[PDB]
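The block underneath contains the structure these notes are about, expressed in structure tokens.
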Amino acid sequence: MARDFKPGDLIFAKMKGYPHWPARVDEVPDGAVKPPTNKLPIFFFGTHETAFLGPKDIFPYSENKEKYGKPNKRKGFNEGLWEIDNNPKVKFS
């Protein structure tokens, strides 16, 4: 979208080969000495992966919960649909 994306904001992250996946805009990970690449740190729910997608690659989970908030055939997706909606701050130590 064309809005702001906060670390901790709830989005759908779109990757090549993957549908818009429920993900969180994550915070800067330790070891990441890389400046903003026009991509933001994206934490994938249900798989707990992390990627870098831009504000245009991502769409806010709130507005598009109707759109992309649909059960998928990807593992981690449906599980992540739950995580992002219940405990979006879920990660390990």
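To be explicit about the labels: the chains of the structure tokens are called A, B, and onward in the order shown, and within each one the residues are counted from 1, while ligands get numbers from 1 in the order they are shown.
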
**Item:** Secondary structure check, strand (DSSP E or B) residues of chain A, as number ranges by chain
**Value:** A: 10-13, 21-25, 40-44, 50-53, 58-60

Mind dumping the selected residues with N, CA, C and O atoms as a short mmCIF file (atom, residue, chain, number, x, y, z; two decimals), in the first residue's frame?
data_model
loop_
_atom_site.label_atom_id
_atom_site.label_comp_id
_atom_site.auth_asym_id
_atom_site.auth_seq_id
_atom_site.Cartn_x
_atom_site.Cartn_y
_atom_site.Cartn_z
N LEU A 10 0.69 -4.68 11.38
CA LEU A 10 0.19 -5.95 10.91
C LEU A 10 -0.07 -5.90 9.43
O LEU A 10 -0.87 -5.08 8.96
N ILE A 11 0.56 -6.78 8.69
CA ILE A 11 0.45 -6.73 7.26
C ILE A 11 0.34 -8.12 6.61
O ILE A 11 0.32 -9.15 7.27
N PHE A 12 0.22 -8.09 5.34
CA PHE A 12 0.28 -9.22 4.49
C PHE A 12 1.48 -9.02 3.62
O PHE A 12 1.65 -7.96 3.02
N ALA A 13 2.30 -9.99 3.60
CA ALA A 13 3.53 -9.94 2.91
C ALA A 13 3.46 -10.81 1.70
O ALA A 13 3.13 -11.98 1.78
N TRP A 21 0.81 -13.27 2.51
CA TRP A 21 0.92 -14.06 3.72
C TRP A 21 0.84 -13.15 4.93
O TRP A 21 1.42 -12.08 4.92
N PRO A 22 0.11 -13.54 5.98
CA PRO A 22 0.01 -12.73 7.19
C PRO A 22 1.38 -12.59 7.88
O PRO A 22 1.98 -13.59 8.30
N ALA A 23 1.86 -11.38 7.98
CA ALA A 23 3.14 -11.14 8.52
C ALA A 23 3.15 -9.84 9.30
O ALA A 23 2.22 -9.04 9.22
N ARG A 24 4.16 -9.63 10.06
CA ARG A 24 4.27 -8.43 10.84
C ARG A 24 5.45 -7.66 10.33
O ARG A 24 6.43 -8.26 9.86
N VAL A 25 5.37 -6.35 10.36
CA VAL A 25 6.55 -5.56 10.12
C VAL A 25 7.37 -5.73 11.37
O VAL A 25 6.91 -5.39 12.46
N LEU A 40 11.34 -3.42 4.19
CA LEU A 40 11.16 -3.44 5.62
C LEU A 40 11.35 -4.87 6.11
O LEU A 40 11.18 -5.81 5.33
N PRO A 41 11.76 -5.06 7.38
CA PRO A 41 11.86 -6.39 7.96
C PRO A 41 10.46 -6.97 8.16
O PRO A 41 9.61 -6.35 8.79
N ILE A 42 10.22 -8.10 7.59
CA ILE A 42 8.92 -8.72 7.65
C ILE A 42 9.00 -10.08 8.31
O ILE A 42 9.72 -10.95 7.85
N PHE A 43 8.27 -10.25 9.35
CA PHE A 43 8.20 -11.49 10.09
C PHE A 43 6.99 -12.28 9.66
O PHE A 43 5.86 -11.83 9.85
N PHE A 44 7.22 -13.41 9.06
CA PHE A 44 6.12 -14.28 8.64
C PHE A 44 5.56 -15.10 9.78
O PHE A 44 6.30 -15.76 10.51
N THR A 50 11.63 -14.61 8.41
CA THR A 50 11.77 -13.19 8.30
C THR A 50 12.31 -12.85 6.92
O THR A 50 13.18 -13.55 6.39
N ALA A 51 11.77 -11.83 6.35
CA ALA A 51 12.09 -11.40 5.00
C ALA A 51 12.16 -9.90 4.93
O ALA A 51 11.99 -9.22 5.94
N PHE A 52 12.43 -9.37 3.74
CA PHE A 52 12.46 -7.95 3.52
C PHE A 52 11.61 -7.60 2.32
O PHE A 52 11.96 -7.93 1.18
N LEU A 53 10.50 -6.96 2.57
CA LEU A 53 9.58 -6.57 1.53
C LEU A 53 9.26 -5.11 1.69
O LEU A 53 9.37 -4.58 2.79
N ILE A 58 3.71 -5.10 0.76
CA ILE A 58 2.92 -5.42 1.89
C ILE A 58 1.62 -4.64 1.91
O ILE A 58 1.53 -3.51 1.37
N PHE A 59 0.65 -5.22 2.50
CA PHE A 59 -0.66 -4.64 2.61
C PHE A 59 -1.13 -4.85 4.03
O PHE A 59 -0.90 -5.88 4.57
N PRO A 60 -1.73 -3.86 4.65
CA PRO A 60 -2.14 -3.94 6.06
C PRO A 60 -3.23 -4.97 6.34
O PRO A 60 -4.31 -4.91 5.76
#

May I have a table of the residues of range 25-64 of chain A lying at most 7 Å from range 68-87 of chain A, giving each one's closest pair of atoms and their distance in Å to one decimal, counting only C-alpha atoms, ordered by chain and ascending residue number, as a tab-separated table?
residue	atom	partner	partner_atom	distance
A:45	CA	A:80	CA	4.1
A:46	CA	A:80	CA	3.8
A:47	CA	A:76	CA	5.0
A:64	CA	A:68	CA	5.9

From CA of residue 62 in chain A to CA of residue 35 in chain A the spacing works out at 27.5 Å

Can you list, as a ChimeraX atom specification, every residue of chain A that DSSP puts in alpha helix (DSSP H)? /A:77-86

I need the residues from that last selection saved to file as a tab-separated table (two decimals), in the first residue's frame (with C-alpha atoms), if you can.
chain	number	residue	atom	x	y	z
A	77	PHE	CA	-0.28	-19.50	6.48
A	78	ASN	CA	-3.39	-20.62	8.30
A	79	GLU	CA	-1.48	-21.03	11.48
A	80	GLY	CA	-0.11	-17.55	10.99
A	81	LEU	CA	-3.64	-16.23	10.37
A	82	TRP	CA	-4.23	-17.16	13.96
A	83	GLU	CA	-0.93	-15.82	15.33
A	84	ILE	CA	-1.24	-12.43	13.72
A	85	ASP	CA	-4.81	-11.98	14.92
A	86	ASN	CA	-4.29	-13.27	18.48

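Rounded to one decimal, CA of residue 4 in chain A and CA of residue 89 in chain A lie 18.8 Å from each other.
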
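Computed from the coordinates, the CA of residue 7 in chain A to CA of residue 33 in chain A distance equals 16.9 Å.
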